[PDB]
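Student: So here's protein09.pdb (PDB, C-alpha atoms).
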ATOM      1  CA  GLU A 214       0.000   0.000   0.000  1.00  0.00           C
ATOM      2  CA  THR A 215       2.844   2.455   0.639  1.00  0.00           C
ATOM      3  CA  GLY A 216       4.011   1.717  -2.898  1.00  0.00           C
ATOM      4  CA  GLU A 217       0.603   2.723  -4.242  1.00  0.00           C
ATOM      5  CA  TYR A 218       0.263   5.678  -1.859  1.00  0.00           C
ATOM      6  CA  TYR A 219       3.522   7.212  -3.106  1.00  0.00           C
ATOM      7  CA  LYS A 220       2.837   6.145  -6.686  1.00  0.00           C
ATOM      8  CA  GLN A 221      -0.155   8.494  -6.637  1.00  0.00           C
ATOM      9  CA  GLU A 222       1.671  11.011  -4.432  1.00  0.00           C
ATOM     10  CA  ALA A 223       4.629  11.250  -6.819  1.00  0.00           C
ATOM     11  CA  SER A 224       2.268  11.598  -9.783  1.00  0.00           C
ATOM     12  CA  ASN A 225       0.312  14.278  -7.903  1.00  0.00           C
ATOM     13  CA  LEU A 226       3.354  16.397  -7.004  1.00  0.00           C
ATOM     14  CA  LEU A 227       4.703  16.704 -10.554  1.00  0.00           C
ATOM     15  CA  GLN A 228       1.375  18.025 -11.869  1.00  0.00           C
ATOM     16  CA  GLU A 229       1.618  21.012  -9.495  1.00  0.00           C
ATOM     17  CA  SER A 230       5.370  21.555  -9.040  1.00  0.00           C
ATOM     18  CA  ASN A 231       8.228  21.796 -11.513  1.00  0.00           C
ATOM     19  CA  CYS A 232      11.438  19.791 -11.221  1.00  0.00           C
ATOM     20  CA  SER A 233      13.294  22.556  -9.361  1.00  0.00           C
ATOM     21  CA  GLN A 234      10.950  22.541  -6.354  1.00  0.00           C
ATOM     22  CA  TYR A 235      10.028  18.870  -6.836  1.00  0.00           C
ATOM     23  CA  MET A 236      13.346  17.996  -5.180  1.00  0.00           C
ATOM     24  CA  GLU A 237      12.488  19.724  -1.899  1.00  0.00           C
ATOM     25  CA  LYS A 238       9.014  18.170  -1.823  1.00  0.00           C
ATOM     26  CA  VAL A 239      10.380  14.646  -2.311  1.00  0.00           C
ATOM     27  CA  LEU A 240      13.103  15.243   0.275  1.00  0.00           C
ATOM     28  CA  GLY A 241      10.400  16.836   2.416  1.00  0.00           C
ATOM     29  CA  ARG A 242       8.691  13.428   2.380  1.00  0.00           C
ATOM     30  CA  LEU A 243      11.667  11.074   2.800  1.00  0.00           C
ATOM     31  CA  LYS A 244      12.925  13.177   5.713  1.00  0.00           C
ATOM     32  CA  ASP A 245       9.468  12.880   7.277  1.00  0.00           C
ATOM     33  CA  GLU A 246       9.040   9.256   6.165  1.00  0.00           C
ATOM     34  CA  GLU A 247      12.275   8.281   7.921  1.00  0.00           C
ATOM     35  CA  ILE A 248      10.832   9.805  11.111  1.00  0.00           C
ATOM     36  CA  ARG A 249       7.355   8.260  10.903  1.00  0.00           C
ATOM     37  CA  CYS A 250       8.858   4.893   9.936  1.00  0.00           C
ATOM     38  CA  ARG A 251      10.926   4.754  13.135  1.00  0.00           C
ATOM     39  CA  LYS A 252       7.976   5.805  15.305  1.00  0.00           C
ATOM     40  CA  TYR A 253       5.737   2.899  14.240  1.00  0.00           C
ATOM     41  CA  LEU A 254       7.489   0.084  12.391  1.00  0.00           C
ATOM     42  CA  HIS A 255      10.073  -2.496  13.384  1.00  0.00           C
ATOM     43  CA  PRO A 256      13.715  -1.493  12.759  1.00  0.00           C
ATOM     44  CA  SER A 257      13.964  -4.308  10.195  1.00  0.00           C
ATOM     45  CA  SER A 258      11.592  -2.413   7.869  1.00  0.00           C
ATOM     46  CA  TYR A 259      13.432   0.933   7.943  1.00  0.00           C
ATOM     47  CA  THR A 260      15.410   0.214   4.771  1.00  0.00           C
ATOM     48  CA  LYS A 261      12.623  -1.664   2.967  1.00  0.00           C
ATOM     49  CA  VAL A 262      10.059   1.129   3.362  1.00  0.00           C
ATOM     50  CA  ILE A 263      12.410   3.842   2.078  1.00  0.00           C
ATOM     51  CA  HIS A 264      13.457   1.556  -0.783  1.00  0.00           C
ATOM     52  CA  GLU A 265       9.745   1.527  -1.644  1.00  0.00           C
ATOM     53  CA  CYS A 266       9.367   5.267  -0.951  1.00  0.00           C
ATOM     54  CA  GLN A 267      11.998   5.952  -3.638  1.00  0.00           C
ATOM     55  CA  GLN A 268      11.250   3.232  -6.201  1.00  0.00           C
ATOM     56  CA  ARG A 269       7.692   4.561  -6.600  1.00  0.00           C
ATOM     57  CA  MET A 270       8.592   8.231  -6.000  1.00  0.00           C
ATOM     58  CA  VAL A 271      12.080   8.878  -7.436  1.00  0.00           C
ATOM     59  CA  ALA A 272      12.794   5.881  -9.670  1.00  0.00           C
ATOM     60  CA  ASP A 273       9.232   6.042 -11.022  1.00  0.00           C
ATOM     61  CA  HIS A 274       9.844   9.369 -12.798  1.00  0.00           C
ATOM     62  CA  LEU A 275      13.398   8.453 -13.756  1.00  0.00           C
ATOM     63  CA  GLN A 276      13.072   9.936 -17.249  1.00  0.00           C
ATOM     64  CA  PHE A 277      11.481  13.088 -15.814  1.00  0.00           C
ATOM     65  CA  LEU A 278      14.553  13.585 -13.618  1.00  0.00           C
ATOM     66  CA  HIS A 279      16.905  13.013 -16.563  1.00  0.00           C
ATOM     67  CA  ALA A 280      14.887  15.327 -18.821  1.00  0.00           C
ATOM     68  CA  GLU A 281      15.327  18.326 -16.502  1.00  0.00           C
ATOM     69  CA  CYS A 282      18.849  17.420 -15.341  1.00  0.00           C
ATOM     70  CA  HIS A 283      20.389  19.368 -18.237  1.00  0.00           C
ATOM     71  CA  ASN A 284      19.485  22.842 -16.970  1.00  0.00           C
ATOM     72  CA  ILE A 285      20.617  22.087 -13.407  1.00  0.00           C
ATOM     73  CA  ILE A 286      24.282  21.493 -14.233  1.00  0.00           C
ATOM     74  CA  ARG A 287      24.591  24.360 -16.731  1.00  0.00           C
ATOM     75  CA  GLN A 288      23.668  27.088 -14.224  1.00  0.00           C
ATOM     76  CA  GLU A 289      25.736  25.653 -11.319  1.00  0.00           C
ATOM     77  CA  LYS A 290      22.644  25.561  -9.108  1.00  0.00           C
ATOM     78  CA  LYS A 291      23.956  24.623  -5.664  1.00  0.00           C
ATOM     79  CA  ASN A 292      20.640  23.779  -3.991  1.00  0.00           C
ATOM     80  CA  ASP A 293      18.871  22.261  -7.015  1.00  0.00           C
ATOM     81  CA  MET A 294      21.756  19.856  -7.753  1.00  0.00           C
ATOM     82  CA  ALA A 295      22.660  18.574  -4.280  1.00  0.00           C
ATOM     83  CA  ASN A 296      18.997  17.652  -3.848  1.00  0.00           C
ATOM     84  CA  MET A 297      19.111  16.236  -7.383  1.00  0.00           C
ATOM     85  CA  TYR A 298      22.098  14.041  -6.486  1.00  0.00           C
ATOM     86  CA  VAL A 299      20.677  12.515  -3.296  1.00  0.00           C
ATOM     87  CA  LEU A 300      17.599  11.371  -5.226  1.00  0.00           C
ATOM     88  CA  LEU A 301      19.616   9.546  -7.898  1.00  0.00           C
ATOM     89  CA  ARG A 302      22.147   7.925  -5.546  1.00  0.00           C
ATOM     90  CA  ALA A 303      19.425   5.697  -4.086  1.00  0.00           C
ATOM     91  CA  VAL A 304      18.172   4.594  -7.511  1.00  0.00           C
ATOM     92  CA  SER A 305      20.414   1.934  -9.039  1.00  0.00           C
ATOM     93  CA  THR A 306      20.300   3.041 -12.690  1.00  0.00           C
ATOM     94  CA  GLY A 307      19.588   6.745 -12.161  1.00  0.00           C
ATOM     95  CA  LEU A 308      22.982   8.039 -11.043  1.00  0.00           C
ATOM     96  CA  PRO A 309      25.154   7.010 -14.068  1.00  0.00           C
ATOM     97  CA  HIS A 310      23.182   9.323 -16.370  1.00  0.00           C
ATOM     98  CA  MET A 311      24.071  12.297 -14.162  1.00  0.00           C
ATOM     99  CA  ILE A 312      27.829  11.668 -14.058  1.00  0.00           C
ATOM    100  CA  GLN A 313      28.022  11.212 -17.839  1.00  0.00           C
ATOM    101  CA  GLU A 314      25.985  14.376 -18.403  1.00  0.00           C
ATOM    102  CA  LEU A 315      28.041  16.293 -15.830  1.00  0.00           C
ATOM    103  CA  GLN A 316      31.170  15.040 -17.611  1.00  0.00           C
ATOM    104  CA  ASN A 317      29.967  16.896 -20.711  1.00  0.00           C
ATOM    105  CA  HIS A 318      29.662  20.119 -18.695  1.00  0.00           C
ATOM    106  CA  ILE A 319      33.380  20.326 -17.900  1.00  0.00           C
ATOM    107  CA  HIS A 320      34.118  19.236 -21.476  1.00  0.00           C
ATOM    108  CA  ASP A 321      32.040  22.234 -22.614  1.00  0.00           C
ATOM    109  CA  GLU A 322      33.038  24.784 -19.963  1.00  0.00           C
ATOM    110  CA  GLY A 323      36.690  23.744 -20.185  1.00  0.00           C
ATOM    111  CA  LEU A 324      36.951  24.341 -23.935  1.00  0.00           C
ATOM    112  CA  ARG A 325      35.567  27.868 -23.558  1.00  0.00           C
ATOM    113  CA  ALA A 326      38.370  28.549 -21.073  1.00  0.00           C
ATOM    114  CA  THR A 327      41.030  27.268 -23.501  1.00  0.00           C
ATOM    115  CA  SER A 328      39.540  28.992 -26.558  1.00  0.00           C
ATOM    116  CA  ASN A 329      40.606  32.659 -26.414  1.00  0.00           C
ATOM    117  CA  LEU A 330      44.292  31.755 -26.459  1.00  0.00           C
ATOM    118  CA  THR A 331      46.192  35.037 -26.664  1.00  0.00           C
ATOM    119  CA  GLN A 332      49.069  35.145 -29.143  1.00  0.00           C
ATOM    120  CA  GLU A 333      51.500  36.529 -26.534  1.00  0.00           C
ATOM    121  CA  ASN A 334      50.835  34.672 -23.237  1.00  0.00           C
ATOM    122  CA  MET A 335      49.946  31.151 -24.385  1.00  0.00           C
ATOM    123  CA  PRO A 336      51.446  28.945 -21.619  1.00  0.00           C
ATOM    124  CA  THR A 337      50.352  30.844 -18.497  1.00  0.00           C
ATOM    125  CA  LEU A 338      46.721  31.192 -19.608  1.00  0.00           C
ATOM    126  CA  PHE A 339      46.395  27.506 -20.521  1.00  0.00           C
ATOM    127  CA  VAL A 340      47.491  26.336 -17.067  1.00  0.00           C
ATOM    128  CA  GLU A 341      45.602  29.067 -15.190  1.00  0.00           C
ATOM    129  CA  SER A 342      42.348  28.420 -17.066  1.00  0.00           C
ATOM    130  CA  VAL A 343      42.572  24.718 -16.192  1.00  0.00           C
ATOM    131  CA  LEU A 344      43.080  25.605 -12.521  1.00  0.00           C
ATOM    132  CA  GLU A 345      40.054  27.881 -12.870  1.00  0.00           C
ATOM    133  CA  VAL A 346      38.068  24.908 -14.183  1.00  0.00           C
ATOM    134  CA  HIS A 347      39.675  22.377 -11.834  1.00  0.00           C
ATOM    135  CA  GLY A 348      39.717  24.586  -8.735  1.00  0.00           C
ATOM    136  CA  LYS A 349      36.000  25.289  -9.153  1.00  0.00           C
ATOM    137  CA  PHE A 350      34.643  21.895 -10.224  1.00  0.00           C
ATOM    138  CA  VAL A 351      36.434  20.114  -7.374  1.00  0.00           C
ATOM    139  CA  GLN A 352      34.677  22.557  -5.043  1.00  0.00           C
ATOM    140  CA  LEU A 353      31.265  21.814  -6.588  1.00  0.00           C
ATOM    141  CA  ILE A 354      31.800  18.054  -6.197  1.00  0.00           C
ATOM    142  CA  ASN A 355      32.903  18.709  -2.599  1.00  0.00           C
ATOM    143  CA  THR A 356      30.640  21.516  -1.303  1.00  0.00           C
ATOM    144  CA  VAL A 357      27.166  20.348  -2.416  1.00  0.00           C
ATOM    145  CA  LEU A 358      27.854  16.810  -3.642  1.00  0.00           C
ATOM    146  CA  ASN A 359      29.568  14.176  -1.552  1.00  0.00           C
ATOM    147  CA  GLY A 360      33.134  13.096  -2.209  1.00  0.00           C
ATOM    148  CA  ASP A 361      31.968  10.704  -4.910  1.00  0.00           C
ATOM    149  CA  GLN A 362      34.721   9.119  -6.982  1.00  0.00           C
ATOM    150  CA  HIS A 363      32.240   8.724  -9.850  1.00  0.00           C
ATOM    151  CA  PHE A 364      31.995  12.498 -10.280  1.00  0.00           C
ATOM    152  CA  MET A 365      35.728  12.832  -9.607  1.00  0.00           C
ATOM    153  CA  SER A 366      36.438  10.283 -12.342  1.00  0.00           C
ATOM    154  CA  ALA A 367      34.048  12.194 -14.609  1.00  0.00           C
ATOM    155  CA  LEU A 368      35.930  15.429 -13.901  1.00  0.00           C
ATOM    156  CA  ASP A 369      39.258  13.658 -14.465  1.00  0.00           C
ATOM    157  CA  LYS A 370      38.008  12.188 -17.748  1.00  0.00           C
ATOM    158  CA  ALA A 371      36.513  15.509 -18.860  1.00  0.00           C
ATOM    159  CA  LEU A 372      39.615  17.534 -17.979  1.00  0.00           C
ATOM    160  CA  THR A 373      41.687  14.961 -19.879  1.00  0.00           C
ATOM    161  CA  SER A 374      39.734  15.634 -23.081  1.00  0.00           C
ATOM    162  CA  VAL A 375      40.010  19.433 -22.919  1.00  0.00           C
ATOM    163  CA  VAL A 376      43.740  19.303 -22.132  1.00  0.00           C
ATOM    164  CA  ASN A 377      44.419  16.711 -24.850  1.00  0.00           C
ATOM    165  CA  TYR A 378      42.541  18.729 -27.471  1.00  0.00           C
ATOM    166  CA  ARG A 379      43.593  17.803 -31.016  1.00  0.00           C
ATOM    167  CA  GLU A 380      42.847  20.165 -33.879  1.00  0.00           C
ATOM    168  CA  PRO A 381      41.661  18.512 -37.124  1.00  0.00           C
ATOM    169  CA  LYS A 382      44.688  17.177 -39.030  1.00  0.00           C
ATOM    170  CA  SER A 383      46.987  18.684 -36.398  1.00  0.00           C
ATOM    171  CA  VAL A 384      48.873  17.645 -33.280  1.00  0.00           C
ATOM    172  CA  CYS A 385      47.610  18.354 -29.777  1.00  0.00           C
ATOM    173  CA  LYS A 386      48.678  21.717 -28.368  1.00  0.00           C
ATOM    174  CA  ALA A 387      49.088  20.474 -24.780  1.00  0.00           C
ATOM    175  CA  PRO A 388      52.741  19.266 -24.554  1.00  0.00           C
ATOM    176  CA  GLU A 389      54.593  22.418 -25.630  1.00  0.00           C
ATOM    177  CA  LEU A 390      52.467  24.925 -23.693  1.00  0.00           C
ATOM    178  CA  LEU A 391      53.026  23.002 -20.462  1.00  0.00           C
ATOM    179  CA  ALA A 392      56.698  22.700 -21.425  1.00  0.00           C
ATOM    180  CA  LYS A 393      56.876  26.450 -22.065  1.00  0.00           C
ATOM    181  CA  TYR A 394      55.028  27.162 -18.806  1.00  0.00           C
ATOM    182  CA  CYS A 395      57.784  25.585 -16.702  1.00  0.00           C
ATOM    183  CA  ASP A 396      60.612  27.387 -18.500  1.00  0.00           C
ATOM    184  CA  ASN A 397      58.718  30.694 -18.424  1.00  0.00           C
ATOM    185  CA  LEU A 398      58.421  30.190 -14.644  1.00  0.00           C
ATOM    186  CA  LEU A 399      61.840  28.766 -13.688  1.00  0.00           C
ATOM    187  CA  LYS A 400      63.799  31.633 -15.264  1.00  0.00           C
ATOM    188  CA  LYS A 401      65.300  34.437 -13.203  1.00  0.00           C
ATOM    189  CA  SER A 402      64.520  36.920 -15.995  1.00  0.00           C
ATOM    190  CA  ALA A 403      62.631  40.138 -15.143  1.00  0.00           C
ATOM    191  CA  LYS A 404      61.062  39.791 -11.652  1.00  0.00           C
ATOM    192  CA  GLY A 405      60.286  36.304 -10.383  1.00  0.00           C
ATOM    193  CA  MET A 406      57.614  35.147  -7.969  1.00  0.00           C
ATOM    194  CA  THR A 407      60.216  33.881  -5.414  1.00  0.00           C
ATOM    195  CA  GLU A 408      60.614  30.196  -4.489  1.00  0.00           C
ATOM    196  CA  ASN A 409      57.976  30.536  -1.752  1.00  0.00           C
ATOM    197  CA  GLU A 410      55.425  31.002  -4.561  1.00  0.00           C
ATOM    198  CA  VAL A 411      57.280  29.120  -7.322  1.00  0.00           C
ATOM    199  CA  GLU A 412      56.780  25.895  -5.356  1.00  0.00           C
ATOM    200  CA  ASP A 413      53.038  26.671  -5.252  1.00  0.00           C
ATOM    201  CA  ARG A 414      52.517  27.355  -8.968  1.00  0.00           C
ATOM    202  CA  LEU A 415      54.542  24.274  -9.918  1.00  0.00           C
ATOM    203  CA  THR A 416      52.492  22.147  -7.511  1.00  0.00           C
ATOM    204  CA  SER A 417      49.337  23.326  -9.283  1.00  0.00           C
ATOM    205  CA  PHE A 418      51.077  22.571 -12.590  1.00  0.00           C
ATOM    206  CA  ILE A 419      51.126  18.864 -11.674  1.00  0.00           C
ATOM    207  CA  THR A 420      47.321  18.765 -11.836  1.00  0.00           C
ATOM    208  CA  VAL A 421      47.429  19.999 -15.441  1.00  0.00           C
ATOM    209  CA  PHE A 422      50.289  17.642 -16.310  1.00  0.00           C
ATOM    210  CA  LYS A 423      48.510  14.659 -14.724  1.00  0.00           C
ATOM    211  CA  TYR A 424      45.889  14.751 -17.503  1.00  0.00           C
ATOM    212  CA  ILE A 425      48.445  14.739 -20.342  1.00  0.00           C
ATOM    213  CA  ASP A 426      47.921  11.762 -22.646  1.00  0.00           C
TER
END
Would it be possible to restate this file's structure as structure tokens?
Tutor:
Amino acid sequence: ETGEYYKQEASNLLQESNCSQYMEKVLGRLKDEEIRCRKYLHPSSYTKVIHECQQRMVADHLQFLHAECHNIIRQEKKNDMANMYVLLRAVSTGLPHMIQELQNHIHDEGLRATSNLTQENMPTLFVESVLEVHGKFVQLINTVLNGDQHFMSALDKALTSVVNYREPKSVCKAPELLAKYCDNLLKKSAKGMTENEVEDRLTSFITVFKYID
């Protein structure tokens, strides 16, 4: 009966609320369901009830979640994506669509960073733009999402593609720019950044170099 009660409840909520506020309403039920399940039922049924309160409420509209998941990742919505993640992590086949689609977001945002390559400061901008992409996307995986290695592997795979970008009928531009970045930074010419900061920029260079094919 709780499968049928939340089969109609999940169908009722979507007709009134869009996917953005549908997340809070579903989590507004599971948070309350976990409380009312431990006030009445045996502790053996705590995991079986919730598994039924998500199969007929979250896994039931699996395609509805994946239809509206595109706009969530593009706008870097902190609240509408953390709630979006905790719904899919319970469903067995729901989560892998999110990590693959989020992998395309770095592969699209990363290219825009390494697109306006200036003809006078090529190596510094390429590394710094990657740290802009890497230093932000690691935060997003860690400040609203959990420390999931699936998203981390997606970010690692996506950052690999943007770094190892091959122009049509041309070699990849990654190896020389990273090679030039070190030499442009280890010289004593002009005014340096001093070894207290040189050891910091070179440490961040390893993250860019780790994705080199």
Student: Going by the chain IDs and residue numbers used in this file, which residues fall under the PyMOL selection byres ((chain A and resi 324) around 12)? Write them as a count of residues only.
Tutor: 26
Student: Evaluated on this file, the PyMOL selection byres ((chain A and resi 312) around 9) picks out some residues - which ones are they, written as a VMD selection string?
Tutor: chain A and resid 308 to 311 313 to 317 363 to 364 366 to 368
Student: So that I can see what lies close to residue 242 of chain A, please list as a ChimeraX atom specification the residues with an atom at most 12 Å from it, counting all atoms listed in the file and leaving out residues fewer than 6 positions away in the same chain.
Tutor: /A:219,222-223,226,235-236,248-250,263,266-267,270-271,300
Student: Check which residues satisfy the PyMOL selection byres ((chain A and resi 301) around 12) in the file shown, then give them as a ChimeraX atom specification.
Tutor: /A:236,239-240,267-268,270-279,282,294-300,302-312,358
Student: I'd like to know which of A:369, A:410, A:345, A:293 is closest to residue 423 of chain A, using all atoms listed in the file.
Tutor: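 Nearest to residue 423 of chain A: A:369.
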